[PDB]
Protein chains: 2
Amino acid sequence: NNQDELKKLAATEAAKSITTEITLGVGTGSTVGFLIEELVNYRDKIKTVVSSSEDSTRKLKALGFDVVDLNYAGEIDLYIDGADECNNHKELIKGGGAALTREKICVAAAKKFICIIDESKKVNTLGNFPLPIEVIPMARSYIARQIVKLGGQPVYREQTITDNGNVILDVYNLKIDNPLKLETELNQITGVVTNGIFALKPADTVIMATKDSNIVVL
Amino acid sequence: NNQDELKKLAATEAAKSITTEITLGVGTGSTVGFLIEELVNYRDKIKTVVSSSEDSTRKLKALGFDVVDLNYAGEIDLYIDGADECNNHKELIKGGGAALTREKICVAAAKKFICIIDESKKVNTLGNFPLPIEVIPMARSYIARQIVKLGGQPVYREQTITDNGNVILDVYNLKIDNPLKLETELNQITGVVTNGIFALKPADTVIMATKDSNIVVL
Ligand SMILES: O=C[C@H](O)CO
Ligand code: NA
């Protein structure tokens, strides 16, 4: 297997979109890890870095990058991040491992979002990967009940805490054939901070490393 | 303290709805302070107490009530709270005391929501009192910009952190003629934790103390 080589390929290809002086936004996760290492070749163009997690921030600072709060940066020119799932319309499930809320905020504040994935993330319909939802701890049980009513199977990630001080519910069993509609419905549930459907603002570009080490750009 | 007398009047009237043994939900603020005080008369009827703020929890425990986390309380039977504004359809603006998120969660989980106000909170169109919006800190400026596109004037509430570790934007200039629509569209903004429009789940009962010390029930 060469999943790491595919991740590195997609990350290396994406970094080439850094062609001018920008405020760069950086995702979280294993694929982004390869992207972060590649950024040492673009120091002349990276004016400002905004980070979606403390894990990414730690890695970026170790490489000599000046990571600033989004409030100080204003807007991101280019945000680069991975995904758990990507469908045929560049709509994503994100937030599996960490950073759901700040990743979604970074995407919102970014003029361009490039998603980097290996082929295993590519699906026709979202939902096989469980949907992460970050929730206010006090509302966890109420929200789980409302998700049951929506047809999902909610599970509490017991003892997990986000860097926003919140908890996570994973939703299993969902066939998400209408991402726009379900992302909207979940946003309406009191106590939901963020849900992991990235559809209302999808990826602008998807760089996919294929099983044969080719690059396909959606 | 004429207004204080009106608030005590409204709170005393609401407390009389505690007729059977219930799971009680407690709001936040000066009006609720008079209700909490009155709760000593209803001890034998209050099995469980859920609190909407740390401030209310300290007060409730100072009077020897057992404050119970909503997750093991399950469903609130009766929630009593105040508001910043109440229109003609029992749709509210809340969050002047910065506790809107947990208050909104309590309302969602409550079988009956009783809102207690003096007549100065009664309006025909919501929005003259600034709409509070709880916001993930890193998303503050981004959200401020989006609020401007909705015709609002966002002002960061200085030196204020919520029980949930978040910041508040107070939004001026909105004429909220369709609170259901605006509440829905603010829920769609990435980084918004809770907005202070209580309309999709309005109050079930409003108890209003008028300027001539009478009680009007809406
Ligand atoms: O405490 C002040 C306001 O009633 C918050 O809703
Ligand atoms: Na939200």
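Residues 7-224, in that order, are what chain A shows, numbered as in Swiss-Prot.
Including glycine, each Cβ sits where the backbone N, Cα and C put it.
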(request) Given that Swiss-Prot annotates A:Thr34, A:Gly35, A:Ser36, A:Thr37, A:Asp87, A:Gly88, A:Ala89, A:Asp90, A:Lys100, A:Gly101, A:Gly102, A:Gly103 as binding substrate, state which candidate in A:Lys65, A:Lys67, A:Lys127, A:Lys128 belongs to that site as well. (result) A:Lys127
(request) Show, in sequence order, which residues other than A:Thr34, A:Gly35, A:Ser36, A:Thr37, A:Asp87, A:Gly88, A:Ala89, A:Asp90, A:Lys100, A:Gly101, A:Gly102, A:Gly103, A:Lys127 on the same chain lie with their Cβ within 8 Å of the centre of the Cβ atoms of the substrate site. (result) A:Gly33, A:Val38, A:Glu109
(message) I'd like the number of other C-beta atoms within 10 A of the C-beta of A:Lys127 (substrate binding site), please.
(response) 21
(request) Enter the number of other CB atoms within 10 angstroms of the CB of A:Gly102 (substrate binding site). (result) 20
(request) Can you tell which of A:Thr34, A:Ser36 has the least company, meaning the fewest other C-beta atoms within 10 angstroms of its C-beta, among these binding-site residues? (result) A:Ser36
(request) Provide the three-state secondary structure of A:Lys127 (substrate binding site) computed with DSSP. (result) helix
